[PDB]
Structure formats: C-alpha cells, structure tokens
Chemist: 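Can you read through this structure? Questions will come right after.
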Amino acid sequence: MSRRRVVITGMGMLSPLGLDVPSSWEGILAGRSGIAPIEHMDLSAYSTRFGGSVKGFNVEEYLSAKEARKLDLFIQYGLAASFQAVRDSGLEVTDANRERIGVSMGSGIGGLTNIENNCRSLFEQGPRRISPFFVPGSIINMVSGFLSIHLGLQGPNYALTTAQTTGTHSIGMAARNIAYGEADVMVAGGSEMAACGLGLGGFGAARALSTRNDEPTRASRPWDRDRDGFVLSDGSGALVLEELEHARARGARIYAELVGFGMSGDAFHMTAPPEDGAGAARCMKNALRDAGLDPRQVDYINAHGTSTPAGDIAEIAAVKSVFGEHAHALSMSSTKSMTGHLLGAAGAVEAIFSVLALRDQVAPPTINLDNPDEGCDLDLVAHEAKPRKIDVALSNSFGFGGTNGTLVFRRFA
Amino acid sequence: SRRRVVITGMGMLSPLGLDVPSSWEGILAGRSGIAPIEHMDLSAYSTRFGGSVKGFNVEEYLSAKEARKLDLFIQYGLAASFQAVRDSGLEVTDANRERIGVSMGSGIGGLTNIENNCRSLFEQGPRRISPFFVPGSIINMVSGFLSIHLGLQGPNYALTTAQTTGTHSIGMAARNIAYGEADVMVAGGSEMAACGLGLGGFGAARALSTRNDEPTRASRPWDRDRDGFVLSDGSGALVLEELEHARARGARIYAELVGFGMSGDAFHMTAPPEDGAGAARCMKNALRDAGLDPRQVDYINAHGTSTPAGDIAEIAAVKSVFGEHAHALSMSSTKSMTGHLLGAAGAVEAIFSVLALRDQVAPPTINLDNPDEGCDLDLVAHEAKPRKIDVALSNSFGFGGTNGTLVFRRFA
Ligand SMILES: COc1ccc(C(=O)O)cc1NC(C)=O
Ligand SMILES: COc1ccc(C(=O)O)cc1NC(C)=O
C-alpha cells in the first residue's frame, strides 16, 4: 500500500518535572528544574551526586505491587507512560483491531539497577540467589512485551536501543510501520532508569557528567560557556501514533501530524560528534526532505542540547548549515536545561514537548543560558518561554556510535 | 510498488566455526558445538555447558587497544559484520556511503562487561569502573563502531527483541531497502551471555537444560527427553542489497529476501500459547508479505529451542499454517547443534536458511531420538537431507511473545 499519513492521538510521560504530561509541561513552561541531590543511594564516593529523579512515582497507580516487584524501574516507567498514552488516545482495543496495534518502546541500557542488584546477589551470596525474573524483568524489549500482554496488542512488537537516540528512533520507525501499512496504531517512545552505581559511576568514569554538586539546578546549561557535561535523568515518554484515516474514522483528538523522520550516522567517533555537526546536518536534511518542506518552514527546534562542550556547539553548527539565514528566525531550545538527560527516553519526552509546543504555540526555554558561548548567537529562548507562531517543530537526538535521529511534527487542522 | 532485496554477503561466529563455511560444514555433518564452559567456575550453577566461540582472535579485526574498549558481544558482532561486507565485495564510496546502513542487534547485550565492572565497583568502588563501560557495553555499538570503521552514513540503529533480535534486525533492514531508505544494510545480531548473570539468570528461570553429563545431547528439539535450551554465543551478519544495485556491480547473490512477518502473542512473558497462535499469525504475515501460498514453502528453520512447551507450540503453528503441506516440507532446528544464540539465533539461522537454498539440503535436527507426541512432521532427524528447496522460512520467538519470520527464495 501507498505511504499513509501518521498523527499523534495520545501521549504519556514520567519526568523529573512530573508524573504525567500536563504536570511536566507546566514545569517546562515555568522554567522549573527537576534536578536535585539523589536520595535513593549513598553517592559520597561519586564525583556526581545529583540528577533528575522521578519524584513520588507510585507504580500501584498502574500495576499490582506483586507484578511490579518483578520489573526493573525502566519497565515500570515505560508501562506507566504507555498506559497514560493509550488512555489519552481513547483507543478501544478489540478483536477487530488488536492485530493492527503494536508497540516500540525502547531504552538506551534497560534494567541496569536490576542487573546491579542481581550482580550483588551473585557475588556476595551466589547464583542460587539470582531472581527467577532477572531476564524478563531486565531486558529492553519487555516494555513492548508487558504492554502487549496487558493490553492484548498483537501488532509489531519490538524495541530499539540506539543509546541517547532511542526515543526519537523508536517514534520514527513506529511511524514508518504505520506509513507502510504494517500497523494502523503504534505505542512508541522510550524509558530509562540508569541512576544506580554503574550508571553514575560509568558516565562519571567517562567524565561525561556535570560535577556541579554545589548547584544541581544550574548544572544543565546547554550552550552556556561554563557547561561541564550532561545531567543524568530518569523517566519515560510514550506516544500513540495512528494512521490519519484510522484516527479520523473514530473521531480521535489529533495533537499534531508526524510528517518527517531522518536518520544518519556520523561515522566519526564512539562518543563525540564532529565539530561541524555534519551527521546532525545530514539527519535534519533527510527529515526535512522526508516531510516535503522548505527549511524556512521550521519555527521551533527542540535541540538534543545535552550541556556538553563538544555536543552543544556541533548542534549550532548543524542548524547553521541546514537553515542558513533562517537559523536566525527559528527558535531553538534545550528542555534538558530543566529535565536533564533522560538518555533513551530523552527523544520520547522531547517529542512530546515538541507536540505541545505546536498545541500551545510556545517555545520552551533553555534555562541557565547566562553566557551563550562563542558562535551560540541563535534565538536559544534563554531563561523564559517564548509565545510564538510554530507550524513545524523539529526534535533532534544524537547518540553514542554517532547515531542521529530527527522528527518533524506539524500542526494538524 | 517496493524494491527487491537480495543477500550478497554473510558472516558468522558460532560454536561450530569462526566463519560461515566452517559453521555450515559442521551443520551438514551433524556436529555439536556444545561443551562444558571453560572460561569461569560454574560449580554453584545447575548448568555448566553451552556453545562457546572457540579460538576467536579479535586482532584479525581490531587493534588490541580498540578491542579492550568493547564487550565480547560487540567484538562478535563486528567480526560477523566485517566478514559479511568482505564476502559481499561492496565498495563504500563518497557516492554511496549515505545509502549504506547497519542494523546489528543483541538480546541481552553487555552482561559480561557489566559483571566485570560490577566486580570492580563492589570490591574497590566506582573509581575502578572503566571509562569505556557505557560506550563499550551498549547494544548499538556494533552498528556504531561498524559505521565509524567503514564510513557508513545510512540508517544506523539496533534492535533488541530478546531471542527474536536477529530475525527482526534482518527484516526491518530489508524494509529500509524495499522502501528506498537505503540501498545496502548490514543486519543481524550478536550475543555473549555466558557470564554468571546469563547462566544464573536463565537457570533461575529453570529455562536451561541441566544435562551436564552429556552436553552434546542436551539440545534435543521435539525429543520426548528435552529439558530446556542450551545457551550459546556468537554472531551472524548479512549484507542485504537492493536487487538493481547488486546486479549493477556484478554482486554474487545467495538468495532473495521476499517476506518478513512480525506478530505479538500478547500471551505471557516467557511461554508461548500452546497452539502457537502468534507463531501462526507471524508465518502467515510473512507468506502474505512475500505473495506466496503456504504450499510454496519447502524448508523451515524452526526456532526449535528444546523447551517442552515451545517446541510443541511451533509444531501446532506449522500444522495450522500449512495444513496438508505440513507433511511435505522439511523442518529442522539447527539449535540441536549450535544451541540457542539468543539475539544472534535469528541471524545465524537466516544464514543457514540461505545456505539450505544454495546447497539444496535440509540441515538435520540432531538428538531427535524419540519424537514427542504430535511431533510427526519431517523434522530431518539425525542427518542432513538433500531435497528441492525453492523457498525457506526462518522463525524466531522471544520473551514478551515477540515473533519474527523471514522468507527467502532461490534467486534466478
Ligand atoms: C556522538 O556524541 C554524543 C552523542 C550523544 C551524547 C549524549 O549525551 O546524548 C553525547 C555525545 N558526545 C558529546 C561529547 O556530547
Ligand atoms: C514466548 O516464549 C518463549 C520465547 C522464546 C524462547 C526462547 O528460548 O527463545 C522460549 C520461550 N518459552 C518457552 C517455554 O519455550
């Protein structure tokens, strides 16, 4: 069948700013920080002792305590966001459509907490103390697996793992499944909970994390002169993607249309982008061509914008290269300024922020942008939300391995 | 409407060999790759054997320094990928590098590296975690390192669908090409889950054969004495290529990838429905995708893991999809010889399905001494069977009820 149009009919989230989308979005537009000293473990030996935790999450709003005890937090978070998105869509799963509804919920590293805890059991006690649920409760594809089991989804069932690009790729490839007729509805996005010893210690050993322990809410400062690495955050984003005529037929509320998806590889370096952002540029131009757009139609870019020295300026270079003089008319912000870096879920929550930027015609701020670095001379929406016309919003993710993804969303009549 | 996709190169590490021809020579000889695990102390574990990759030399592929940055599963995935590209004869240029991508996945990923780094963390604190822990353990680093090494700028991703990973990776890469998003993709999977956590975790679930006294007899798909799967290591990669692109450069074509199916069971986390309803839907989706009648299938490479419920559910599914024809096709499980490579099982079994087409021979199901009740199909017991094969199907099923089927055809 011919390439079908794809719209967003349902969204769900857990973030450091809230336990759902409206709470998170209120935080985003008020310039609130989700970052705080981490409370759930003793980090005295760590060079980074803060991050974006999901605060007051109650898994018993979604699942029995008995089922939840078997699941890594990243699965709990992905199911919470997925259940919220499906309820938000209004979609009724039936025998007539269950084969046409799939799931692609990814993660950058999955059940690292559970693996850490089972490793402790293995090393201190022995293999007879490993949980029987260790494998199905830890491996990445089990957000998609448990969601299909709980809702009866018999469509394509899979998981992407493209590091910090996961959520963006998960949504774009799910959109491709619908576009090509493999599904009519997909639940897509990502979830992450890497806030354990191995996560904080592992990113710390790479010197990838901000060490601004004295001022955690000021640590995430994309494009600021004094940025010193990303802020590790937890949570999940899920969207219901639906073929347009399917959405119209059932009277679905449509938030936006997903018109463009771009992928590329930097083919440069395992953990750094090229300074010129050539890979980001190729990815954005792929996405824009896919969407059949004039680059001047882009009003808002939700940047990857992780608050790394090399990453932030490569993304400015890429936006300058793709958009030329128009780079000075669009608004570009990093919501990671507020949320920190949700890794495999970053692209999922940022896709939702991009859709809400279209719904509410507002560019979220880049908070903490006190001293824009050399060359950082675009409208980066410093400090405060900017009400403006937004017809087309782009969301960028880049990942270790030089894997790049871009989603293009537009207002739907 | 869509472009045709062919296989122009293959690469493999398995418990039967360090490349495709050595592995395939074992497959057709009925050789087992299973033995007691040597690389760790398994005294406290209920399973002490599995399929190790024997004699792998990463320095054929990477510098020692680069290899020290990567988990074994990434090393294995890169080995198979570099073999597959070399086997294809593909030349990457400035003219085509944005049209060549990679989808290499893993089921469990960097469990060995996570174990080693956790040992350091618990014994000495976080100052002893490797700087390369994150980039050297994450599942997308096969695709990432491969794209950096060869200058591939096309679609760069990784799938992770547990034991379905290799099958899904290959199919979704085939879709990328079919629909014009790439002209060449390197696809498949890798796995090295023989650490404490892999044998311990699958063992805690009572998923593994505990036949420690006879490791080469443990993997016995459809046999009445089967008692769970055998955990194996390795990798498979295929070069998938748009047909016009392959012809233009005079590529050697092994087979055409004509059909890909996916389905969810939506049933249970670790058990299929008894009637294999999800496997049936998946195989039908694959045959509808290919425009084939079930009667055109000659060979099925089963998922066939040697579990009680899983092996029977796959027989039920084949009987439902193929009706009378179920008794005319040949179906075997190469896991009888290789064990279960988890995320790489679908990748190596795709390659074995492609070679069944090249060589007109159904690989055996070894150890099938006493077929269980209802296991009355042609399961190619004990010995390789020369036979006509125009169409071969390869099934994978995974935790979460995630299913994949690939359909390959002789290319004329
Ligand atoms: C390819 O490079 C990267 C990809 C992703 C991230 C991230 O934190 O999301 C960071 C990097 N690297 C730098 C130095 O920013
Ligand atoms: C949906 O259930 C499964 C999926 C995959 C496997 C496997 O070993 O690859 C095993 C099972 N389950 C049983 C008991 O065979």
Side-chain angles (χ1 to χ4, degrees), chain A residues 108 135-136 141 145 149 157 162-166 168 203 206-210 222 227 229-232 265-275 277 279-280 303-315 336 340-344 346-347 396-405, chain B residues 107 134-135 138 140 144 148 156 161-165 167 202 205-208 221 226 228-231 264-274 276 278-279 302-314 335 339-343 345-346 395-404:
Chain A
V135 177
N141 80 304
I149 290 162
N157 195 288
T162 60
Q164 301 93 335
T165 314
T166 298
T168 294
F203 284 117
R207 291 205 234 83
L209 298 173
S210 175
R227 63 197 189 281
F230 81 90
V231 175
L232 180 69
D266 285 345
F268 179 63
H269 187 90
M270 284 199 333
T271 60
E275 278 179 12
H304 196 52
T306 62
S307 203
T308 69
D312 294 2
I313 60 174
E315 195 166 11
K336 289 188 179 66
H341 189 170
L342 282 77
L343 302 186
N396 287 328
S397 305
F398 317 123
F400 291 173
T403 176
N404 300 316
Chain B
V134 181
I138 57 182
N140 69 306
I148 297 154
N156 189 309
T161 59
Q163 302 94 341
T164 310
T165 294
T167 297
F202 281 108
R206 292 183 84 257
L208 302 172
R226 65 194 186 281
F229 79 86
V230 174
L231 182 55
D265 288 346
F267 178 75
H268 185 275
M269 62 168 89
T270 57
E274 60 159 65
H303 195 49
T305 66
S306 203
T307 72
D311 293 4
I312 282 300
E314 194 164 12
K335 295 190 177 60
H340 191 343
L341 280 79
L342 305 183
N395 290 331
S396 305
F397 317 122
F399 287 182
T402 179
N403 305 317

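Proteins come first, then strands; the chains are lettered A, B, ... in the order of their sequence lines, and each starts at number 1. Each ligand, and each atom within it, is numbered from 1 in the order the structure gives.
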Chemist: Which word best sums up how the rings of B:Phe399 and B:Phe202 line up, parallel for under 30°, tilted for 30 to 60°, or perpendicular for over 60°?
Modeler: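 Plane angle between 30° and 60°, so tilted.
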Chemist: Are B:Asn403 and B:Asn395 close enough that a side-chain donor and a side-chain acceptor fall under 3.5 Å?
Modeler: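 Note: B:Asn403 and B:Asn395 side chains miss the donor-acceptor criterion.
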Chemist: Going by the side-chain contact (heavy atoms from CB on, under 4.5 Å) test, name the single residue among A:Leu232, A:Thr166, A:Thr306 that passes it with A:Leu343.
Modeler: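 Considering A:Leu232, A:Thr166, A:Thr306, a side-chain contact (heavy atoms from CB on, under 4.5 Å) with A:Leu343 is found only for A:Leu232.
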Chemist: When you measure from atom 4 (C) of ligand 1 to every protein heavy atom, which one gives the shortest distance, and what is it?
Modeler: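 Checking every protein heavy atom, the shortest distance to atom 4 (C) of ligand 1 gives A:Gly399 C, 3.4 Å.
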Chemist: How far is atom 15 (O) of ligand 2 from its nearest protein heavy atom, and which residue and atom is that?
Modeler: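 Sorting protein heavy atoms by distance from atom 15 (O) of ligand 2 puts B:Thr307 OG1, 2.7 Å first.
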Chemist: Evaluate the side-chain contact (heavy atoms from CB on, under 4.5 Å) criterion for residues B:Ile138 and A:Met270: first the C-alpha distance (whole Å), next the side-chain angles of each, then the deciding distance (0.1 Å), finally the verdict.
Modeler: CA-CA 11 Å; B:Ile138 57 182; A:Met270 284 199 333; over 6 Å; no
Chemist: I'd like to check which ligand 2 atoms, numbered from 1 as shown, lie under 4.0 Å from a non-hydrogen atom of B:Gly310.
Modeler: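 Answer for ligand 2: 15 (O).
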Chemist: Taking 4.0 Å as the limit for heavy-atom contacts, which would you say applies to A:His304 with ligand 1: side chain only, backbone only, both, or neither?
Modeler: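 The answer is the side chain of A:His304.
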Chemist: Please state which protein non-hydrogen atom is closest to atom 7 (C) of ligand 1 and give its distance, to 0.1 Å?
Modeler: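 Here the closest protein heavy atom is A:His341 CE1, 3.3 Å.
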Chemist: I'd like to know whether B:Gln163 forms a side-chain contact (heavy atoms from CB on, under 4.5 Å) with B:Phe229, so could you lay out the CA-CA distance, the side-chain angles of the two residues, the decisive distance to 0.1 Å, and finally the verdict.
Modeler: CA-CA 12 Å; B:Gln163 302 94 341; B:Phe229 79 86; 5.6 Å; no
Chemist: Could you identify the single nearest non-hydrogen protein atom to atom 10 (C) of ligand 1 and state the distance to 0.1 Å?
Modeler: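 That would be A:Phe400 CE2, 3.8 Å.
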Chemist: For B:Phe267 and A:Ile149, what are the C-alpha separation, side-chain angles and deciding distance, and is it a side-chain contact (heavy atoms from CB on, under 4.5 Å)?
Modeler: CA-CA 6 Å; B:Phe267 178 75; A:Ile149 290 162; 5.9 Å; no
Chemist: Counting only heavy atoms closer than 4.0 Å, does ligand 1 sit against the backbone of A:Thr271, its side chain, both, or neither?
Modeler: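 Only the backbone of A:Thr271 comes within reach of ligand 1.
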Chemist: Starting from atom 5 (C) of ligand 1, locate the nearest protein heavy atom and write down its residue, its atom name and how far away it is, to 0.1 Å.
Modeler: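 The protein heavy atom lying closest is A:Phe398 O, 3.4 Å.
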Chemist: Say whether, by atom type as modelled, one donor and one acceptor occur between the side chain of B:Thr402 and the main chain of A:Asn157 under 3.5 angstrom.
Modeler: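 Yes: the side chain of B:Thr402 pairs with the backbone of A:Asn157.
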Chemist: So which bit of B:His268 gets within less than 4.0 Å of ligand 2, heavy atoms only: side chain, backbone, both or neither?
Modeler: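 Under 4.0 Å from ligand 2, B:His268 contributes no heavy atoms.
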Chemist: What part of B:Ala271 sits under 4.0 Å from ligand 2 if we count only heavy atoms: the side chain, the backbone, both or neither?
Modeler: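 Backbone only; the side chain of B:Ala271 stays clear of ligand 2.
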